[PDB]
């Protein structure tokens, strides 16, 4: 056995789990996976790109003791197979991008977008 099979999930911090679900599911096209009370103070909620392995947990500041809050660079990079389409349709859907897709000096087109809380993702064409 491998020590580690895969990354289950990474976490972002949001201000409202229900509103975040609406955004990730209806705007970004993810699917909800977890939505479970692990205890009375944690509603464990995750979303996943359709058909993908690794999930994103939609956490709250209250989950944590160190003051982590929504907004800023998430350190999460996302892949799309058609960045021109993603940019067009996500812009139509009201997503905030920094600029249109642009060629990076490692040979892939990319841009950045944010969720409603200001969490920023790097979006890269496969």
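Residue numbers count along the first chain shown, from 1.
Comparing the deposited coordinates for 61-69 and 39-47, the stretch with the larger average C-alpha B-factor is 39-47. Considering 111, 15, 114, 108 together, the PDB entry gives 108 the largest C-alpha B factor.
For residue 21, the recorded CA B-factor ranks within the middle third of the chain. Only modelled residues enter the ranking.
Residue 89: CA B factor in the highest third of modelled residues in this chain (values from the PDB entry). The PDB entry assigns residue 104 a C-alpha temperature factor belonging to the middle third of its chain's modelled residues. Sort the chain's modelled residues by C-alpha temperature factor and residue 52 lands in the highest third, per the entry.
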